[PDB]
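Following: one structure in structure tokens, then a few remarks.
There are 2 protein chains.
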Amino acid sequence: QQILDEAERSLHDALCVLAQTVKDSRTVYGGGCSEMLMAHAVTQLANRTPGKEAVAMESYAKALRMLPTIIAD
Amino acid sequence: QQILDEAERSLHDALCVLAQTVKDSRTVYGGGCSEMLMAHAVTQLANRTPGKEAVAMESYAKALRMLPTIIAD
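Just so you know, the sequences run in chain order B and J.
According to the deposited numbering, the stretch in the first sequence is residues 380 to 452, in order.
According to the deposited numbering, the stretch in the second sequence is residues 380 to 452, in order.
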């Protein structure tokens with residue numbers, strides 16, 4: 380049971396996504412890829428916006444690029 | 380003498396920059412604006428240009444906008 384109760388518990392977790400993936404059948408490229416997409420997007424938006432926002436927005440766009448680091452790290 | 384000393388050098392400096400302005404009469408925008416343009420491009424470049432060293436090119440591009448930063452405050 381100790382794996383079995385952990386089984387369904389974590390198994391029920393995909394269901395949430397899956398249930399909502401039933402509702403929205405849609406995808407986003409993982410492995411920090413959508414990060415790097417949203418990175419440049421805000422990374423240029425940093426240079427596209429710029430100001431006290433791009434002060435923050437670059438720092439933002441780094442955490443975007445910080446996600447691909449972790450899994451690779 | 381010291382003012383006459385620093386006056387000679389800036390004169391000694393200008394004529395050299397003027398003698399090269401005889402040669403290259405391009406006058407490139409100073410006051411950090413050059414830094415910016417280079418910082419923007421090289422950043423745009425580091426985005427695409429390497430697969431790794433985008434570290435240093437933007438870091439380079441960062442050092443560009445530095446000299447601007449210290450004097451605006």
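Note that CB positions come from ideal geometry on N, CA and C, so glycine has one too.
Inset, instruction - Would you mind reading off the limits of the alpha helix (DSSP H) that contains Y439/B? - result: 431-451
Inset, instruction - Could you tell me if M445/B is buried or exposed, where buried requires 16 or more neighbouring beta carbons within 10 angstroms of its beta carbon? - result: Its Cβ having fewer than 16 others within 10 Å, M445/B is exposed.
Inset, instruction - Helix, strand or coil for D403/B, going by three-state DSSP, please let me know. - result: coil
Inset, instruction - Decide if the segment 412-423 of chain J is in contact with the segment 435-452 of chain J; the criterion is three or more beta carbon pairs, one per stretch, under 8 Å apart. - result: yes
Legend entry - Residue environment, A425/B, which counts as buried when at least 16 other CB atoms sit within 10 Å: Residue environment: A425/B is assigned as buried (16 or more neighbouring CB atoms within 10 Å of its CB, all protein chains considered).
Legend entry - Buried versus exposed call for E387/J [16 or more other C-beta atoms within 10 Å across all chains shown]: Answer is exposed; the Cβ neighbour count stays below 16.
Inset, instruction - Look at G409/J and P447/J and say whether their C-beta atoms are less than 7 Å apart. - result: no
Inset, instruction - Count the other C-beta atoms from every protein chain shown that fall within 10 angstroms of the C-beta of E414/B, then say buried if there are 16 or more, exposed otherwise. - result: buried
Inset, instruction - Specify, as a first and last residue, the run of the alpha helix (DSSP H) that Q423/J falls within. - result: 412-427
Inset, instruction - Report the option in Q399/J, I382/J, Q423/J whose CA atom is closest to the CA atom of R427/B. - result: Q423/J
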